[PDB]
Every structure is written in C-alpha cells, then in structure tokens.
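>>> Model the following, please.
(2 chains)
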Amino acid sequence: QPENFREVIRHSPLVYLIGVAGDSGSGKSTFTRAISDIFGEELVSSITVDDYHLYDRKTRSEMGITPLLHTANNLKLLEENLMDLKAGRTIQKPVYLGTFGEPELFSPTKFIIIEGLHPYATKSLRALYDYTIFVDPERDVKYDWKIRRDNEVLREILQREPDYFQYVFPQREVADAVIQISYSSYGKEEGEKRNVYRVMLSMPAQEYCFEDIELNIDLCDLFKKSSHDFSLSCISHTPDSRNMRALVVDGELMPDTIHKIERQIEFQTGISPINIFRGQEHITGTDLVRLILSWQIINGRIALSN
Amino acid sequence: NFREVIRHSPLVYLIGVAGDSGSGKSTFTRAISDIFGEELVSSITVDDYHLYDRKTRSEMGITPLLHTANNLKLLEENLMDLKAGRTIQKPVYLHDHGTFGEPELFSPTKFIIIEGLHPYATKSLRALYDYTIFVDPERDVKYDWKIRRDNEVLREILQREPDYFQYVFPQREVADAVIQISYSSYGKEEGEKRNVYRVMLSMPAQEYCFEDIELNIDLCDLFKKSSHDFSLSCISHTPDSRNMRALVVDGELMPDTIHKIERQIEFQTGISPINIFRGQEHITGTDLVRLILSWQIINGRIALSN
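Numbering: from 1, shown residues only, chains lettered A, B, ... in the order given. What follows is the structure:
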C-alpha cells in the first residue's frame, strides 16, 4: 500500500528539523519560502540564525568583527533552543532586527526551518537536523545579485570571502542537498530577464523513494518551432571528498511537464494550489528544483516514520 | 487508429533512408521492420542497383558512390511502379564478394523502406517519398564501423570521401529527419561496449501531433547510486542552412522511462511486445531515436490519411 505524508505526521509528535545554510545574498530565502508555500503555514514555522548575533550592528563595526565568524554568534544558545524544540518544548529566543530586540516565545510546529549562515556549522548542531540544504551559487551570479540590490561594494565581498570559506562553506560537505545556480548556457541575460539559470541539484546516494515521481517530456512538442530550449542531465561527481549525483537543469520546460509532480505533492501536503508559485508560460530550473527539493522532504519525512 | 487507416487504402507509404556506407542504415531499417512487423513492412537496398561489380570498379578506379555507377533511372521506374501497387522485377547485388546476383520479383507492401547510398539523390526521386531519413555519423564513428568492422577499407575510404560529399551528402538537406551519431561525452569506449553514443535528431517545423508522446524521467531514481548518467536537451541549429530543432540524447535511461511510449506504439501497430528490440536493462540514445522515428512514421501515415 502507498504511504501518505499526512498519515505519517498526524499520529506523531516528532518535530522535523530543516537547515538551510548559505552565504548572505546566496538566495537562501527563495528556498525557505518555497518550503513554506508548499507545506503551509500550519505545518511550517521558521527561525533565522541572525536572531543569535552576540554583538549588534553597531558594536560589530567598531570591533571590525564580521557576522561570518562563529564566535560572533550564540551557537550554544541555538543548539540549546533546537534541542528543546525537538522535544516539543516552547522556547524563549532572542530576536535581532539594526539591533537586539525583545526576546520571543517561539513554539514548535511539525516542521521548522532554521535558516542562516551557521544553521549547522558544528557537529553538535548538525546531528540535530533531519534534513539539510546548502545554497551555493557561482561567484559571478551571486555578486551580480548583490549589485542588483546594494565596484561601489567590491571590497565587502572579497573582504569576507575568506571568513565564508572558513566558517560557512564547510556545512556544504554535510548537506543532504546542495543547490548551485549559475548563468544559463543560453546567456547571462536570461538570468534576470526570464529567471532562466543553469541550476544544479546535488545529493548523496538516494536511500529511499516512497513513490514514482516523474517528469513528463513530450517528444513531439519539442520539435514544434517556438519550442524553448532546455537541457536536463544527471551525472556523478565527487565534491568535498564525497560521492554525489548532480541533476542539472537548464532552459525552460512546458508547464505540462510537471502537472503530475505538482498534483502528487499537493495531494500529499493537502496544500494547494501550488502552480501559483512558478511560471505560467514556462517552467525553469529553479522551479523544478523547488518541487524536487520539496518532494525530497516529504520522502525523507516518510522514510523517518519507518 | 493506425492499423485501421491502412485498411481500405491501396496507398503505399514510401520511406527513404540515405547515408554513406557503414553508417547504420541497415540496422535502423531493421528496427523499423521489427516495430511495424514483417507483414506490413518490406525493404530494398539501393545497392542492388550498382552498374559495376567490385572487380570491375577496381579496374576503373571508380567508386560505387557515383550516380553514373548506379542504375538510378531503373530504381525510380521501379519505385513509381511500386507506389501504383504493381509488382516489379529488380536487380540484386551480392555483397559476399561484390558480384551481381539473380534478378528478383518484388511485389508492393504498404510500407516500403528504401535504404542505400542514393535513395533520393535526385530532385526527381525525392519527389516520390513520403518520409525521408538521413543517418549522418561523425567520421571516426562512421569509419570505426568499417576499418574495424572489416587494407582495402583504408584506401577505399580515402577514395570515397570526395564522392560521398559530392553524391550522397546532398540528400541530407532535403530529409525530414537527420540522425547524427558521435562518441558519447562519456566513455568513447562505451559506444562499442554499451551502444552508448551521443545521438542528435533534427527535424524541421513540428506541427500536427496525432497524440501525446512523453518520456517519463523519474526524479528520485536518478539520484540512486546505481543510476547511470544521461543528458537530454533540445536546441535549434541550422544544418544545410535551414531551421530545424534537435533532440540531443546521450547516456542511458531506465527502461520504464519509455514503457508508455512503447505501449502506445504497440497499440497502433498491433505488433508486440517490442521491448525485446532494445536494451533490457538500459535505453540508449539510439534505442530512443528509433522509437521516436517509428512514431513519426505512424504520425506521418495518420496525417497523410487526413
């Protein structure tokens, strides 16, 4: 008999912890939102590791200390809070805003997303997570998104890079999913123009598949003129001394390629519609990786009931 | 429904397959017949129309790729007769040593495949076909299936290249489907070892889809350690200065990725099962492309009866 996500979590008080790590301006929140939208406000609540800064915006500047350092964050208090949450206990947690705010009384939900620079920077913190994601875009893409927001700021970037590699980058080595967005081999311009990027999803050996989850490509449609280009591939690679398989999507696909995937995810979460969260005319690599990631969480939650 | 369309229709569907010697035509022709069945499909090799045998051609220092070395005018006469539904008497060339054989009687079938060096080498001949295919493998690939396949070959290859470009290559521009094979972006040894090559199928403006034909890629399996590498992409290139779109397949796909496509072909042809005709453990770019073209033929036959 097929298994059901909602069946698995109703009978259990188990708190599923999800970590989302990455450098600032790394596009972390686009994935945090994705998980929330897809799973709903009742199942999901999140926390940002920023709430655990030891120093405030002001003092840090005077100390010339950057937030990328571990000793610049209350990682001991975070681990303390997370362990309590897992046990289902309510917690009183700090709150950042550019300064400290009134502490909060945060209470558990079936799914909690811990998003920040060091969600699982230590072995102790790592061992608490049931699912970890690391967002690692290419340098040129990431800094562009920075200018698009903020040369005028070229020092900040290069200045903090060594800290990022020393204190944030390691988490990449122990993440259940690693996402790297780069420029499409169809042009950098397609990046902000149509949000078409060459996205890659890297994951360790798949230990379990609770159900078929298929992408349906019509082999007659792609021959029609006006048909948009796309590339989908999967090849083995060995990042950070570890074996992984990388799914690489590029270009755009017709919405009909993911109708079943969306329907199957909706039925499972009982949250719909979710087609409102992606493009109406064409589906991109980021969109597809968002659904795969989301399905990987359901899968992983069901694998856990077993 | 395919089977019933060819029911009350004396019409003869003429399929042409051109390409240099040792390019896989013969094995592509065989795949089609396996899918449409021996009762519906019949075939002819244009080689039966050589005017000079192997011994003679050596003396002359001539190559069989010349139009003047072939009785193309007879082939055309035979084809027109065949299309009208009349039995013909045609020549036979025994490749055992390169000698002429005894003439044969060939009576029309509703599907006739004409595979050879010059199936439609003349504007006149092209006019008779309903669907034309050009197999165009890369040089090292094309020669491999020869120099190691069978130094007569060496010297004969040097001697043919010019004639190829002059008497065979022109057909590629007027073909409905162009198939290009080159060494896989993976093991260039896998071509001989697992029939894994990088295959590209180009066709002009795609309009009219008898029905949906979709490839079902499972997005969980591909992350399984035992999963094989593959890539699927669709671009728009312009060989011979014309607008075509190309499906590029490389690597291996699981068999169930094409289970529905197979069942849909089996349903229309009445011939089954057809999984005996392709990898039993893995699908190659070549297995898939054969399925697609046999499906384009059906689609072409249903279209023609509209």
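
>>> From now on I want contacts and neighbour counts done on CA atoms only, so please keep to that.
Fine.

>>> so where does residue A:215 fall, helix or strand?
Using DSSP states H and E, the secondary-structure element containing residue A:215 is strand A:214-218.

>>> which residue ranges form the helices in chain A?
For chain A, the helices defined by DSSP state H cover A:5-10, A:28-39, A:57-63, A:75-86, A:123-126, A:139-149, A:154-167, A:190-193, A:259-269, A:285-305.

>>> got CSV for those, with mean neighbour count too?
Listed next are the helices of chain A as CSV, based on neighbours: other C-alpha atoms under 10 Å in any protein chain shown:
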stretch, mean neighbour count
helix A:5-10, 15
helix A:28-39, 19
helix A:57-63, 12
helix A:75-86, 17
helix A:123-126, 15
helix A:139-149, 13
helix A:154-167, 13
helix A:190-193, 13
helix A:259-269, 17
helix A:285-305, 20
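
>>> so which of those helices gets nearest residue B:6?
helix A:259-269 (35.0 Å; C-alpha to C-alpha).

>>> helices or strands up against that closest one?
Other elements packing on helix A:259-269 under the criterion 3 or more C-alpha pairs under 8 Å, 6 or more residues apart in numbering or on different chains; DSSP states H and E are helix A:5-10, helix A:28-39, strand A:214-218, helix A:285-305.

>>> Would you tell me which of the ones you listed gets closest to chain B?
Among the helices and strands packed on helix A:259-269, strand A:214-218 comes nearest to chain B, with 3.9 Å by C-alpha to the nearest C-alpha.

>>> Just give the strands next to the closest one in its sheet, each with its orientation.
Sheet pairing of strand A:214-218 (DSSP bridges) gives strand B:214-218 (antiparallel).

>>> Get me the contact residues on chain A for chain B.
For chain A, the contact set with chain B under C-alpha under 8 Å from any C-alpha of the partner chain comprises A:203-207, A:209, A:212-225, A:228-236, A:245-247, A:292.

>>> Please repeat the previous calculation with a cut-off of 6 Å.
A:205-206, A:213-219, A:223-225, A:229-235, A:245 (C-alpha under 6 Å from any C-alpha of the partner chain).

>>> Need the buried ones from those selected in ChimeraX.
Applied in ChimeraX, the following selects the buried portion of the residues of chain A next to chain B according to 16 or more other C-alpha atoms under 10 Å in any protein chain shown:
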select /A:205,206,213,214,215,216,217,218,219,223,224,229,230,231,232,233,234,235,245
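
>>> number of nearby residues for residue A:188?
Other residues lying near residue A:188 total 16 when counted by other C-alpha atoms under 10 Å in any protein chain shown.

>>> Oops, could you answer that again for residue A:120 instead?
The number of residues packed near residue A:120 is 31, by other C-alpha under 10 Å.

>>> ok, it - contacts?
Shown in contact with residue A:120 (C-alpha atoms under 6 Å, 6 or more residues apart in numbering or on different chains): residue A:126.

>>> at 10 Å what do you get?
Contact analysis of residue A:120 by C-alpha atoms under 10 Å, 6 or more residues apart in numbering or on different chains lists A:18-21, A:49, A:75, A:78-79, A:114, A:126-129, A:132-133, A:168, A:170-172, A:174-175.

>>> Now list the buried members of these.
Taking 16+ other C-alpha under 10 Å as the criterion, what is buried in the contacts of residue A:120 is A:18-21, A:49, A:75, A:78-79, A:114, A:126, A:128-129, A:132-133, A:168, A:170-172, A:174-175.

>>> Show me those that map onto strands.
A:18, A:19, A:20, A:21, A:114, A:132, A:133 (DSSP state E).

>>> so can I have TSV of these showing distance to residue B:53?
What follows is those, written out as TSV (distance: C-alpha to C-alpha, whole Å):
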residue	distance to residue B:53
A:18	75
A:19	74
A:20	73
A:21	73
A:114	79
A:132	71
A:133	69
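
>>> picking that back up, starting at the chain centroid, how far to the strand holding residue A:215?
The chain centre lies 24 Å from the centre of strand A:214-218; the measure is C-alpha atoms, centre = their mean, to the nearest Å.

>>> Show residues contacting it.
Residues outside strand A:214-218 that contact it (C-alpha under 10 Å, 6+ apart): A:253-261, A:264, A:288, B:211-221, B:257.

>>> Kindly recompute the last result at 7 Å.
For strand A:214-218, the external contacting residues (C-alpha atoms under 7 Å, 6 or more residues apart in numbering or on different chains) are A:257, A:258, A:261, B:212, B:213, B:214, B:215, B:216, B:217, B:218, B:219.

>>> ditto for stretch A:293-306
With C-alpha under 7 Å, 6+ apart as the test, stretch A:293-306 has contacts from A:5, A:8, A:35, A:208, A:209, A:210, A:265.

>>> cool, stretch A:60-78 as well?
A:52, A:53, A:54, A:55, A:117, A:163, A:164, A:167.

>>> Could you rerun that using 10 Å?
Against stretch A:60-78 from outside (C-alpha under 10 Å, 6+ apart): A:23-24, A:49-57, A:59, A:80-81, A:84, A:93-94, A:114, A:117-122, A:124-125, A:159-168.

>>> then it to CSV, C-alphas only?
C-alpha atoms of stretch A:60-78 as CSV (Å, rounded to 0.1, in the frame of the first residue of the first chain):
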residue,chain,number,x,y,z
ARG,A,60,30.4,44.8,15.4
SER,A,61,31.5,47.7,13.1
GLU,A,62,33.6,49.2,16.0
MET,A,63,35.3,45.8,16.6
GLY,A,64,35.7,45.3,12.8
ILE,A,65,34.2,41.9,13.5
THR,A,66,32.1,40.3,10.8
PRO,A,67,29.0,38.1,11.4
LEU,A,68,30.6,35.3,9.4
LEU,A,69,32.6,34.2,12.5
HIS,A,70,31.3,31.5,14.8
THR,A,71,32.4,33.4,18.0
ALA,A,72,30.2,36.2,16.6
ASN,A,73,27.1,34.1,17.1
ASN,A,74,25.4,32.4,20.1
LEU,A,75,25.6,28.9,18.6
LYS,A,76,25.5,27.4,22.1
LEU,A,77,22.1,29.1,22.7
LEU,A,78,20.9,27.9,19.3
